[PDB]
Amino acid sequence: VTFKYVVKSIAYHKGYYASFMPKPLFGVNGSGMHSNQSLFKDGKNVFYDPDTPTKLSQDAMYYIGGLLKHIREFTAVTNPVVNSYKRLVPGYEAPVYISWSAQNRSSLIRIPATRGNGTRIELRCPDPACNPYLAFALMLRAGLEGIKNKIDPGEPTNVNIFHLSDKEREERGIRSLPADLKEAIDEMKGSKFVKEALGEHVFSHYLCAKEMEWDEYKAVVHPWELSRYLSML
Amino acid sequence: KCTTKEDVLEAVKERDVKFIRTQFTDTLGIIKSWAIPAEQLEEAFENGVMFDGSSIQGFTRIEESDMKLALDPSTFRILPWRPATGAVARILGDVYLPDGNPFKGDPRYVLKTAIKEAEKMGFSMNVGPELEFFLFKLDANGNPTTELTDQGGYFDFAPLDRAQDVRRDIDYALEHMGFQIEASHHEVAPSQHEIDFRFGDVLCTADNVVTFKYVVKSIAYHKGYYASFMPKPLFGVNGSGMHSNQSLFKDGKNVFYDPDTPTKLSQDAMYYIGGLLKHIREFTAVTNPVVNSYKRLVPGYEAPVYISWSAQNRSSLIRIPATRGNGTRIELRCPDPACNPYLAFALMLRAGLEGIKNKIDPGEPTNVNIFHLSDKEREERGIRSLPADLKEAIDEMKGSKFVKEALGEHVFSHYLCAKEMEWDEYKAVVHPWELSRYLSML
Amino acid sequence: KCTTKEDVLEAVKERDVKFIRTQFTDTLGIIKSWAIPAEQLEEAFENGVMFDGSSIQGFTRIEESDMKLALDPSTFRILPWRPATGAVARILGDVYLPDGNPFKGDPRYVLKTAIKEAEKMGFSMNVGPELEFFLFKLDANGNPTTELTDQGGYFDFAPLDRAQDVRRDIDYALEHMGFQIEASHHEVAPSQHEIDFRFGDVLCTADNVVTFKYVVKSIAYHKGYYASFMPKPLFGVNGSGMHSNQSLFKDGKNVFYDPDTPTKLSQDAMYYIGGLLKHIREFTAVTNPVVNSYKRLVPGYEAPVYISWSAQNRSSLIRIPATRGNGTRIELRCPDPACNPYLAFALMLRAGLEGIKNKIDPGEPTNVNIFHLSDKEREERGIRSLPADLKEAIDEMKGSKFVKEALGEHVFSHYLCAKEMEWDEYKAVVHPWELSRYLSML
């Protein structure tokens, strides 16, 4: 929170603007907030195991399984605005598919090669418009849920998911992140995990406000529509 | 001199250095960097720095991309500007894969293997590069343009307005970073300049060509100007080369010198010229790396479009200057300042080494003007020309076993796939010149 | 119909024709003309007209330049506009040298020797060409632009503003000049159009291709618009081809039709295709004659960039329409409207005749999407590409025994020297695309 207004005020006072929009510009990369995370117990990194082939602990995989299980249900929180889903389209750094991996840098969940006390899990989908208190708490709960209930993450996806067919990925059982805000809202409104994690007051307020933001945006007639249709129809 | 990491940490404390920048290149030559706070540096010396290797090798494939940079203290160099915030330095190092093996895809690594190959035969290689560039104006938004800062010519005393101070400030910045410039001059084209590096060890010299580019650009930007390293920004005037003087040394003596020959050149120098000529066609895509490179490699200017060697003729592809003794050198004239110097010098070193190994005679010199000749004359002489555009240079490299083994397969294929993409984009473009020639005609 | 000079002179008096314009082309396809006052016309029939033959072969060489044109009264045609002064007509002729032999540098004469070669084997050639153009706006000074007149697409009923009336007036002018159009339609690109002509003898049809282009351009100018035959005036939208539909005839019957074969195509229609495939790469310089022609011959649009034939695939370099009986035709899709139609049609004929005579098998058809394949698969299928730029077309034709003999040495060597000059000029131009991509980067 401090960072955003500090960076903005510094830039304004030098004559520039610092923008944290997900997708300010079509056809170039958007801005994400990749969120690397470690869990610690008795002073030691819960995710590290020197004796497994990949040197990841079992709780690391359970933590990943929990994130994979619930992420669709709080994309509405990590990707909060209409513009967020112009970043979550294929073609750029943004991860639009639900999977984990160590090898593929573009998987939704990534494991960097670092081991030891610095073993970490990178969750790549969030963008800087999200409330970080709500995002980090939901990631933490989801990971905790995975560990308590021993949620297997399945197999890693080591290939390019974009370069697969719609059936190829359904053969793999690979799901998508919600395609727009309305879709993220509908996934979250029906989630007991999200509702209990946020509490009812936050859950309901957040959803009513975002539902109003979408109901405003969906009626706008954009200049792209005039360019495509005015001569045509 | 910086020798140990304690040398660098003391200098950081003593000279109030607050930021350290890394300095490296990608496969295609673009200069890469990330900034390190001085507070993070002692940890950086201890454990190396993790970073994304897509910075060097790109995104187009699924390949290992967690890399580790180990900082070389002896490359610590303070940049020649002093923000109120405090001083800034650059540093280089070696890139490793998570298993602990060196990453073969870093161009500087590619150069280091070439240096090892010559040392296996006794030699180490010096280079003194001659960097040409234009100084242009900025538009109202501080955007680069090709607008001239003078109408001067070859060795003129020009410019003589506010741009005279910018040019002097560029020379000053590099010299007092420790480049040890030999001489700078106005070059043939309007607004065109050249700075002559010191003849030095090839590895450290390649580090310097990268530093030179962003130091010059940043100095000029902050004075209201633009420094351009495009091979050919302007039709109808000289393009900008990076001629590359080079020699080999053994036991501290210059092996290109032989006092007891008429030319006072050893035979190994002739075998080295012979190797360079045998392979130059196959890596023109590395020395001349962009589509614009081949607007400079056309007849009529300083650019050599014909494969030949000469002592006398300044036109040759390879020229041997008059200097003898310890400064005996071979000048290769075709490279332009967009190349990746790590790869360009490495391939030069490997081509010449292959000549000395296989005793490749260079043939006779060519003391005539080759542009004045007819095709049958050049054909009779066996005077072949360089690739005429990037695509031809891509096709030549792709077939070359010599370039592949010298670069390594990862670099070899990555380089060709990216140049093949740039050419396919360019070749489809309908250019204004076509509308002028044909719109009213057809 | 006019056949004698008495017919034409009778028609000139009756219709009040005051101007008689000759109509020919130079080696490179450019339309050429001089105006004869209808008072001079009776002497022109009696004695011919002396003119400088550099109008055809250019000034490059010291060669005979005092040519005589003899008017063919059967080629007399009144133009579809009526100045206050009286009517205008075009007329063609046969060009002779002072010794009395035909000038062999006249492209129309090259078509006649190709026609002569076919009649020797008992055949004649019919062609119905499909001509594409853009209809663009003029600027305030009346000069051409690439500004659109509509944003319609394939077979759209567009334009519906005043450009609708201009399009109708173009079709009406050609129809009432005796062209007998089959149909016209909006083509894929915005502002792009096509006109399908009726099948006629190749000589009659080539004459009409030349008339068509200046008739259309003039009618458009006089309504305030511009008709463009550039191969690719705009990036990212379709280019314009001149699809060339052809059949041979003998004894009153279509040589390509065979009722008894499974596909109803005769064996000599297959040999004609095989000889076209064998040689098409050798005269893409003729069918695709300017630098811009190779901005249309890139993958992504209607244009065919691979060498193959097919009946099922609409896109192949050679396609066979479903039509049978006397309307059985072959359709070669690579030419564009910049090509000199006399030369394009002449080589098309010679290649097919050579296929028939030498029994040249065309191989199996390619019914798949070639652009969807990978270069490995295309190699496995023996699928070569067309030359990718004017220069590679120059080098293919420069080595062709078939093209040199079909055209004659004069036309062959003038064409190549002129095109090589065009390429050497273009290959040096530094284009704004290059500044956009490189200026800030290097």
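FYI the Cβ positions are ideal-geometry reconstructions off the backbone, even for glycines, and counts take in every protein chain you see. Please treat every number below as a calculation from the coordinates, not as lab data.
What the table shows:
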item: Whichever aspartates and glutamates have a C-alpha closer than 12 Å to that of C:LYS137, once near sequence neighbours (fewer than 8 apart) are set aside; result: C:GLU147, C:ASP150
item: Between the stretch C:1-77 and the stretch B:357-390, the alpha-carbon center distance in angstrom; result: 51
item: Hull-based mean projected area of the stretch B:49-154, where the convex hull spans the alpha carbons, in square nanometres; result: 12.8
item: Neighbour-count order for B:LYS359, B:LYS5, B:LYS217, fewest beta carbons within 10 angstrom listed first; result: B:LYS359, B:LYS5, B:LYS217
item: P(r) histogram, all alpha-carbon pairs of the stretch B:376-442 included - 10 Å bins from 0, percent; result: 16, 30, 25, 22, 6, 0
item: For the stretch B:194-334, average projected area of the Cα convex hull in nm²; result: 9.8
item: Shielding of A:104-114 by partner chains, average beta-carbon count, 10 Å; result: 3
item: Square roots of five times the Cα gyration tensor eigenvalues for the stretch B:106-155, Å; result: 41, 17, 5
item: Inter-label distance for C:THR4 and B:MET421, nm, one decimal - labels placed 7 Å from Cα along Cα-to-Cβ; result: 7.5
item: Two-decimal Rg to Rh for the stretch B:149-254 - Kirkwood Rh, Cα set; result: 1.00
item: Efficiency of FRET between C:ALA311 and C:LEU373 - r from beta-carbon atoms, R0 25 angstrom, step 0.05; result: 0.85
item: Pairwise FRET efficiency - A:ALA179 versus A:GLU200, Cβ, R0 = 35 Å, nearest 0.05; result: 0.80
item: Quotient of C-alpha Rg and 2.2 N^0.38 Å, computed over the stretch C:9-54; result: 1.32
item: Average other protein chain Cβ within 10 Å of Cβ, residues C:226-234; result: 4
item: Cα coordinate range in the stretch A:137-233, projected on the principal axes (Å, largest first); result: 59, 41, 17
item: Neighbourhood net charge (14 Å Cβ-Cβ; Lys/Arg +1, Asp/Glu -1) for B:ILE195; result: -4
item: For the stretch C:214-281: Kirkwood Rh in Å [reciprocal of mean 1/r, alpha carbons]; result: 16.0
item: Label point distance in nm, B:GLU380-A:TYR12, each placed 7 Å from Cα along Cα→Cβ; result: 7.9
item: Binned Cα-Cα distances of the stretch C:151-192, short to long, each 10 Å bin given as a whole percent; result: 28, 51, 21, 0
item: Least to most buried among A:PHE3, B:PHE283, C:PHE123 (fewest other Cβ within 10 Å first); result: A:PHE3, C:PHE123, B:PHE283
item: Whole-Å semi-axes of the ellipsoid equivalent to the stretch A:28-177 (Cα gyration tensor, √5λ, descending); result: 24, 19, 14
item: Residues B:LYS116, B:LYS137, sorted so that the one with the fewest Cβ neighbours within 10 Å comes first; result: B:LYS116, B:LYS137
item: Mean ellipticity per residue at 222 nm, deg cm²/dmol - from DSSP H runs of n ≥ 4 across chain C, formula -39500 (n - 2.57); result: -10500 deg cm²/dmol
item: CD proxy at 222 nm, helix term only [per DSSP H run n ≥ 4: -39500 (n - 2.57); per residue of chain A; nearest 500]; result: -12500 deg cm²/dmol
item: Whole-number Å³ per residue for the convex hull built on Cα positions in the stretch B:330-426; result: 148
item: Flagged links, alpha-carbon separation over 31 Å, of B:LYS427/C:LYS401; B:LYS1/B:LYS232; A:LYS167/B:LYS391; result: B:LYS1/B:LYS232; A:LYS167/B:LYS391
item: Equivalent-ellipsoid semi-axes of chain C, from the Cα gyration tensor, Å, largest first; result: 33, 28, 24
item: Alpha carbon convex hull of the protein assembly as shown, projected area averaged over orientations, nm²; result: 55.5
item: All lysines inside 21 Å of A:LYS4 as judged from Cα atoms, apart from same-chain residues fewer than 8 positions distant; result: A:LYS14, A:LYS23
item: Whichever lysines have a C-alpha closer than 26 Å to that of C:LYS5, once near sequence neighbours (fewer than 8 apart) are set aside; result: C:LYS13, C:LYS18, C:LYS32, C:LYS68, C:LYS104, C:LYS112, C:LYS116
item: Full-stretch length increase - B:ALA70, B:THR145 - with 0.36 nm per residue and alpha-carbon distance subtracted; result: 23.1 nm
item: Calculated Rg and Dmax of the stretch C:80-123 using C-alpha coordinates, Å; result: 16.5, 50
